[PDB]
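Structure, as structure tokens:
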Ligand SMILES: COc1ccc(Nc2nc(Nc3c(C)cc(/C=C/C#N)cc3C)nc3nc[nH]c23)cc1
């Protein structure tokens, strides 16, 4: 007898206020009962379950399910009720590694730890809650009562307790062998190194020697698992990684569901396939819910899809991470609020790619979007490599400086360099800080009637120029914007504009270059055409001259 | 040696706050810090039966090179029971803000000498994350009073109060205030005398068994205040007068008898913005009347400890920032202005992060609590960067303003 260390048990509790499950056992067939008894007898022989007395008032329904039309039955204990009543755990699976963060591994060994699982004992005081009953033949005897001694498959705490028990055991091995990596995925232990295969196989036998101390064996044969690994949607190769094959279906008709599947596939592909676009395909799912509803494709969406097919024509691979080299992120503007990016260390050798979509909003500008893309990539990079990459941005240094020095908000972009690849991000207009001498002064105003929706917009100027336009189906805000629009339309390349609209100023001070409102967009197009625009604000109804509510009052 | 029992608030569970991404160098710093803390028994490893979490990160304090562990206990703090003690709340020392000099000490390490109630320890769970989720996050909980936790100074109070007695009774005019891991010590001495008294207080803690060597010095007596001012000109343009009226209209929300009628009358007709308008006598007098009004303080301004303090900040450009602290709109308790060049000439966010810390410090000295900030910045930008520039052991609350306020230049 070689003494083995016991695996320390995790103290498990029910959610407060809750008692254990009391779920009635289902009536079964004599055929299934015999099968279940045989199974539960083997398990009891293995120490997984123990027969219990009649004191235990807890129950969880057990089932018998025919394995693939064979002559063999499998058992299913349904722990859904107990899982509802079982405490939350620290789940450690939250967040999977991204392959682009991994280092290349010469050798990667797979060990099966399916058996180690049953050396993890269930907390003694919790076992009672796992009670189940095999009904007896013809209900003429008391059902056989069992409870668990090991983590039941299907039980809420099993994956977290198994994982954390394995980790605690592996910990000193990992710490004292810093030239290997160990990663657990379900019933498999992946052990990788950059070692000579002799030195690597040594470490493996050493790991087995270490696990033996807890009575744990790792079959020791040859798994049907050599690179590439199919894992979480990826292909892990020795020196490269990529996503599993992306196959876009041929269809003459797409439903809501088909498009969701399509975007989902494209979103997944975008992490390594550069330039993938999804706006025109996503902007079809806007307000629906009927998954069966056959949505027609816009000509704009069929063009996006065809472009994607071309991109998906060639298999693309990302390289693994080299901490010795630098980390570089490059962004391009795609149009329609879409941005695409590549992260690399060596030119033409991407670690990964990605995209960013413009947020939900009324007005926006390219600089703001670029800033958001930067922030997103920064955060993702810190997740994946623990550092911020150096940026290559399609924006001039002078443009950025002008932007952030004059912008009302605080903003920041980490270390970056201009990359001259069109389309370049720029500022489309710049308002004056002081009134312009020699420029005509336009006093603008608008007003509308809440009931009739009838409104007026217009201006009066220092040279006696005047306009009032009557408007239908409008609001005060629309008339205030319209008034400013007219002033821009009817002025020279340099103009001073005086308004009392806090609304219009809130928008324009936000410096948008694009908007949902076509009215704001026309205003933007006018500003772009001007050489100089000074916008001044004044309080309404204070008897400020020019400020002519009167031409609008009517 | 005996743990005072602590509970959460009724119907409240512990914090389950996401750990945010950390750079490699902060992760390394924390691994080293927590490794030694675990040796010292201040923290212990925890199992998967603890589902709680509080974010953690690393900082460098003002003018040192050594990393400091900072835990964001904001959630735990608002979920931990209203800590009435035997202080019942020491009514905030109003004399602190009048002292000629105040020195700030980091006394948080004293907390580690007092054990934490066993049944509450679970709620102090935190995670040191791995890069790219490649290894399991290292999970810990506290065995002692943790720094940054509201209950720590509350509980340690009776211990602190008797450590201080020899020094306090010796120096009856020196005001000493505790907020979180910080000790605020203010006197009206000479800097060299003041500095010695602080040293006659630090060794005096090292003697009582307890980076306390660091010293952050403030001068409340000479702190920034801001009356409203109007321009003094010999020639007024239409634009100048329009801007003045806008400012007075705004000030009339704060000050009752502000008048703009005579000043508006100068703007009748539709004049060029750059045209000079001579002031009438009725206009100059009205301007003079308003100017006198803006000398008197605001009517009905009181502090209410039951209410939150609100801090707004505006970016004025050229490294300049204005701020106002209030509880009620147009009832400012404090206004100020910053221009400090603290290694952020080219970094807006760094400047803002520092402005935020300075305003919080002022607010602690004056009222004994931190204000809720309204920050002129996008959330995603602020969330990405502020931890890189953070040097305090407390963290205030903040919200984000996305619409440019008109009132910006009225504070410049
Ligand atoms: C050939 O496949 C691989 C797998 C992993 C790496 N590199 C690294 N892996 C890990 N952990 C890890 C391991 C060892 C295997 C898998 C595959 C599971 C399946 N199927 C997944 C992971 C995350 N950690 C590393 N740290 C640096 N390089 C690493 C390199 C090539």
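Chains as they are written, first to last, in PDB author numbering: chain A, -1 to 552; chain B, 5 to 214, 227 to 428.
Ideal Cβ positions, reconstructed from N, Cα and C, are used throughout, including at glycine.
Any non-hydrogen atom of ligand 1 within 6 angstroms of residue 101 of chain A CB: Along the first chain, one-based indexing puts residue 101 of chain A at 103. True, at least one ligand heavy atom lies under 6 angstroms from that Cβ.
Own chain residues within Cβ distance below 8 angstroms of residue 17 of chain A, not counting five before or after: If you number the first chain from 1, residue 17 of chain A lands on position 19. Taking C-beta separations shorter than 8 angstroms and ignoring five residues to either side along the sequence, the partners of residue 17 of chain A in its chain run 83, following chain order.
Chain B residues whose Cβ lies nearer than 7 angstroms to that of residue 507 of chain A: Here residue 507 of chain A is taken as the residue at index 509 of the first chain, counted from 1. Under the 7 angstroms cutoff, chain B gives 420.
Extent of the continuous beta strand (DSSP E) run through residue 190 of chain B: Locating residue 190 of chain B in the second chain gives position 186, where the first residue counts as 1. Residue 190 of chain B -> beta strand (DSSP E) spans 186 to 191.
Collapsed DSSP secondary structure at residue 239 of chain B in the structure displayed: Taking the first residue of the second chain as 1, we reach residue 239 of chain B at position 223. Residue 239 of chain B falls in the coil class under three-state DSSP.
Under 7 angstroms between C-beta atoms of residue 58 of chain A and residue 87 of chain A: In the first chain, residue 58 of chain A corresponds to position 60, counting from 1. In the first chain, residue 87 of chain A corresponds to position 89, counting from 1. At least 7 angstroms separates the beta-carbon of residue 58 of chain A from that of residue 87 of chain A.
Close-in-space but distant-in-sequence residues of the same chain around residue 510 of chain A (CB under 7 angstroms, 5 per side omitted): Here residue 510 of chain A refers to the residue found at position 512 of the first chain. Taken in chain order, the residues that qualify are 361, 362, 363, 518 and 522.
At least three beta-carbon pairs within less than 8 angstroms, the segment 134 to 148 of chain A to the segment 236 to 244 of chain A: no
Rounded separation between residue 70 of chain B and residue 64 of chain B - CA only: Translated into the one-based positions of the second chain, residue 70 of chain B becomes position 66. Translated into the one-based positions of the second chain, residue 64 of chain B becomes position 60. Distance between the alpha carbons of residue 70 of chain B and residue 64 of chain B: 6 angstroms.
Residue 227 of chain A beta carbon near ligand 3 (any heavy atom closer than 6 angstroms): Absent from the structure shown: ligand 3. Ligands present: ligand 1.
Own chain residues within Cβ distance below 6 angstroms of residue 354 of chain B, not counting five before or after: Looking up residue 354 of chain B in the second chain gives position 338. Here the set comprises 337 and 371.
Cβ of residue 372 of chain B within 7 angstroms of any chain A Cβ: In the second chain, the residue the question calls residue 372 of chain B occupies position 356. Judged by the 7 angstroms Cβ criterion, residue 372 of chain B is not in contact with chain A.
Ligand 1 heavy atom lying under 6 angstroms from the CB of residue 95 of chain A: Reading the first chain from its first residue, position 97 is the one you call residue 95 of chain A. Under cutoff, so the answer is yes.
Residue 159 of chain B, DSSP secondary structure in three states: For the purposes of this step, residue 159 of chain B is taken as residue 155 along the second chain, with counting starting at 1. Reduced to three states, the DSSP call for residue 159 of chain B is helix.
Environment of residue 41 of chain B [buried if 16+ CB atoms lie within 10 Å]: Against the second chain, residue 41 of chain B aligns to sequence position 37. Flag for residue 41 of chain B reads buried.
Where residue 72 of chain B falls: helix, strand or coil (DSSP): Numbered from its first residue, the second chain carries residue 72 of chain B at position 68. Residue state, collapsed to three classes: strand.
N-terminal and C-terminal residue of the alpha helix (DSSP H) that residue 397 of chain B is part of: Position 381 of the second chain, counted from the start, is the residue given in the question as residue 397 of chain B. Counted as a single uninterrupted DSSP element, the alpha helix (DSSP H) harbouring residue 397 of chain B occupies residues 395 to 401.
Given 8 angstroms, three or more beta-carbon pairs between the segment 299 to 318 of chain B and the segment 386 to 401 of chain B: Touching, no.
Collapsed DSSP secondary structure at residue 380 of chain B in the structure displayed: The residue you call residue 380 of chain B lines up with position 364 of the second chain. Three-state result, residue 380 of chain B: helix.
Where residue 198 of chain A falls: helix, strand or coil (DSSP): Working through the first chain from its first residue, we reach residue 198 of chain A at position 200. Residue 198 of chain A falls in the helix class under three-state DSSP.
heavy atom of ligand 1 below 6 angstroms from residue 190 of chain A C-beta: Counting from 1 along the first chain, the entry for residue 190 of chain A is found at position 192. It does: the Cβ of residue 190 of chain A is within 6 angstroms (strictly closer) of some heavy atom of ligand 1.
Residue from A/109, A/40, A/19 and A/10 whose Cα sits closest to the Cα of residue 51 of chain B: Translated into the one-based positions of the second chain, residue 51 of chain B becomes position 47. Out of A/109, A/40, A/19 and A/10, A/10 has the C-alpha closest to the C-alpha of residue 51 of chain B.
Chain-ordered chain A contacts of residue 258 of chain B [CB-CB under 8 angstroms]: By 1-based counting over the second chain, the position of residue 258 of chain B is 242. Within chain A, the residues near residue 258 of chain B are 496, 534, 536 and 542.
Proximity test, residue 349 of chain A beta-carbon vs ligand 1 heavy atom, cut-off 6 angstroms: Position 351 of the first chain, counted from the start, is the residue given in the question as residue 349 of chain A. In this structure, the C-beta of residue 349 of chain A stays at least 6 angstroms away from each heavy atom of ligand 1.
Any alpha helix (DSSP H) of 4 or more consecutive residues that is wholly inside the segment 249 to 328 of chain B: 254 to 267, 277 to 281 and 297 to 309
Boundaries of the beta strand (DSSP E) in which residue 151 of chain A is found, first to last residue: Within the first chain, numbered from 1, the residue matching residue 151 of chain A stands at position 153. Run containing residue 151 of chain A: none; DSSP gives neither H nor E here.
Limits of the unbroken alpha helix (DSSP H) element including residue 170 of chain A: Here residue 170 of chain A refers to the residue found at position 172 when the first chain is read from its first residue. Start and end: 156 to 174.
Beta carbon of residue 493 of chain A nearer than 7 angstroms to that of residue 536 of chain A: What you label residue 493 of chain A is simply residue 495 of the first chain in a count that begins at 1. What you label residue 536 of chain A is simply residue 538 of the first chain in a count that begins at 1. No, these two residues do not count as a Cβ contact at 7 angstroms.
Residue 411 of chain B, buried or exposed, once every other Cβ within 10 Å from all chains shown has been counted against 16: Counted from its first residue, the second chain places residue 411 of chain B at position 395. Its Cβ being crowded by 16 or more others within 10 Å, residue 411 of chain B is buried.
Proximity test, residue 79 of chain B beta-carbon vs ligand 1 heavy atom, cut-off 6 angstroms: Within the second chain, the letter at position 75 stands for residue 79 of chain B. Flag unset: Cβ of residue 79 of chain B not near ligand 1.
Three-way DSSP call (helix, strand, coil) for residue 117 of chain B in this model: Counting from one through the second chain, the residue named residue 117 of chain B turns up at place 113. Correct three-state label for residue 117 of chain B: helix.
Any non-hydrogen atom of ligand 1 within 6 angstroms of residue 144 of chain A CB: Counting from 1 along the first chain, the entry for residue 144 of chain A is found at position 146. Because no heavy atom of ligand 1 lies under 6 angstroms away, the Cβ of residue 144 of chain A does not count as near it: no.
Check: residue 232 of chain A C-beta below 6 angstroms from any heavy atom of ligand 1: For the purposes of this step, residue 232 of chain A is taken as residue 234 along the first chain, with counting starting at 1. Residue 232 of chain A: no, Cβ never under 6 angstroms from ligand 1.
Ligand 1 heavy atom lying under 6 angstroms from the CB of residue 179 of chain A: As a first step, residue 179 of chain A is located in the first chain; it is residue number 181 there, counting from the start. Yes, ligand 1 has a heavy atom inside 6 angstroms of this Cβ.
Host beta strand (DSSP E) of residue 129 of chain A (start-end): By 1-based counting over the first chain, the position of residue 129 of chain A is 131. It is not in any beta strand (DSSP E) - residue 129 of chain A carries neither H nor E in the DSSP assignment.
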